[PDB]
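*Asks:* Chain order of the listed sequences is A and A'. A prime marks a further copy of an entry chain.
With PDB author numbering applied, the first sequence closes on residue 29, and no number is skipped along the way.
With PDB author numbering applied, the second sequence closes on residue 29, and no number is skipped along the way.
Number of protein chains: 2
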Amino acid sequence: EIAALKXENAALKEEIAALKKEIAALXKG
Amino acid sequence: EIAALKXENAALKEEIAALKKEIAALXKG
Ligand SMILES: [Cu+2]
Ligand SMILES: [Cu+2]
Numbered sequence: 001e002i003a004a005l006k007x008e009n010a011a012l013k014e015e016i017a018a019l020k021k022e023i024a025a026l027x028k029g
Numbered sequence: 001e002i003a004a005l006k007x008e009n010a011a012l013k014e015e016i017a018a019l020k021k022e023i024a025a026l027x028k029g
């Protein structure tokens with residue numbers, strides 16, 4: 001359980017970071 | 001444990017959505 005859930009957490013954080021970087025890109029141009 | 005972790009999951013998803021909407025905004029203008 002927790003294992004996969006923690007994975008689901010980790011994965012989600014990785015999505016977040018990506019988006020944030022994207023915005024920075026869009027913000028810088 | 002799992003409770004708060006699930007919360008940490010829920011919260012994170014809510015961050016994601018926000019970002020996505022933001023990008024859409026920036027994309028539409
Ligand atoms: Cu890894
Ligand atoms: Cu609620």
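Using N, Cα and C, we set each Cβ at its ideal position, and we do this for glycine too.
In chain A', what lies closer than 9 angstroms to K20/A by C-beta?
*Replies:* The contacting residues are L19.
*Asks:* Which value, in whole angstroms, describes the spacing of the CA atoms of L26/A and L19/A?
*Replies:* Their Cα atoms are separated by approximately 10 angstroms.
*Asks:* Name, please, each residue of chain A whose Cβ falls closer than 8 angstroms to the Cβ of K13/A'.
*Replies:* Near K13/A' (Cβ distances below 8 angstroms), the residues of chain A are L12.
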